[PDB]
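Just below is one structure, and these are the notes that go with it.
Note that we place each Cβ from the backbone using ideal geometry, even for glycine, and neighbour counts take in every protein chain shown. Laboratory data are not the source of any read-out in this text; all were calculated from the coordinates shown.
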Amino acid sequence: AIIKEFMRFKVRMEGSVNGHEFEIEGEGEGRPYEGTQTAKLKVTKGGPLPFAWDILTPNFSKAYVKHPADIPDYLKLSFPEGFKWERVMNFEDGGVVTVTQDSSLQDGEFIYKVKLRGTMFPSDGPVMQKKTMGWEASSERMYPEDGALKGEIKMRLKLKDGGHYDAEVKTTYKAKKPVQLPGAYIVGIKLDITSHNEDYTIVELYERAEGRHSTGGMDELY
């Protein structure tokens, strides 16, 4: 196997949010068949960021989702060539994040290249005013369509003064070579920032993700 039980990754993100340009580089490691991974990210350009780091963290690794044996692990099967993904995050106050990502494997480590564009966030809203406090656990509802894997999430960002700021997230994941797509299923995901320095120019993440069968719900009833 080329996707070993312990795998490292390197990631670079180039982005802008409300016109503020930045770059981030990080390194991660985890256990692809166990569904766990960590990352340590450094802002290398454009720091300190004038917006909430939480809108970036779901864009920092789908080879690390634990799948049961009866659900094809399409994104692991895509290696060695790898896969691409494209995502829309439509936030409830009109903010938008679009993301394009390439995942490859080079000299035994995954390599992630991420391009992110955030626009139309209200200047007084929780993202530009840094009023967020991390994501709730999510369920990504996955289904095959047009030769790709599609996922949908209603993501809920905790707000410092209570309640939640929601995003409707849709992603397409596409292997560079045709490999076996799964049927519809659900991925349970929980991402946390486990450490940061005071100006959030250094952040560490932990994510756990595991696929399971749907019990029918894929839109409102999952």
Checklist (1) over 16 Å from the mean Cα position of the chain (by Cα); (2) hydrophobic (A, V, I, L, M, F, W, C); (3) buried (at least 17 other Cβ atoms within 10 Å of the Cβ); (4) under 19 Å from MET13 (Cβ atoms) applied to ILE202, failing item:
(3)
Of all residues in the range 42-59 being within 14 Å of the chain's Cα centre (by Cα) and closer than 18 Å to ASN197 by Cα, the one that is surrounded by the fewest Cβ atoms within 10 Å (Cβ to Cβ)
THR57
Regarding the range 97-113, can at least one residue be identified that is over 17 Å from the mean Cα position of the chain (by Cα) and closer than 19 Å to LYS170 by Cα?
no
Under 9 Å between Cβ atoms, at least 6 apart or on separate chains: pull out the pairs that start in the range 69-90 with a residue that is on the phi > 0 side of the Ramachandran plot and end on any residue that is part of a loop (DSSP other than H, G, I, E, B).
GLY82/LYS176
Any residue in the range 117-135 that's aromatic (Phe, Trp, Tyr): show its pairings with residues that are assigned to a loop (DSSP other than H, G, I, E, B) at Cβ separation under 8 Å, as long as the two are six or more apart or on different chains.
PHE121/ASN18; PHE121/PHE51; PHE121/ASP93; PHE121/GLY94; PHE121/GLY95; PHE121/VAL127; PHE121/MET128
Considering only the range 139-156, I want to know if a residue exists there that is polar (S, T, N, Q) and over 17 Å from the mean Cα position of the chain (by Cα).
no
Within the range 17-32, can one find any residue that is surrounded by 20 or more Cβ atoms within 10 Å (Cβ to Cβ), closer than 26 Å to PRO144 by Cβ and in contact with a helix residue (DSSP H, G or I) (Cβ under 7 Å, 6 or more places away or on another chain)?
yes
Within the range 148-176, how many residues are surrounded by 14 or more Cβ atoms within 10 Å (Cβ to Cβ) and either among the polar types (S, T, N, Q) or not in a strand (DSSP E or B) (or both)?
3
Within the range 113-147, tally of residues that are assigned to a loop (DSSP other than H, G, I, E, B) and not basic (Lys, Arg)
14
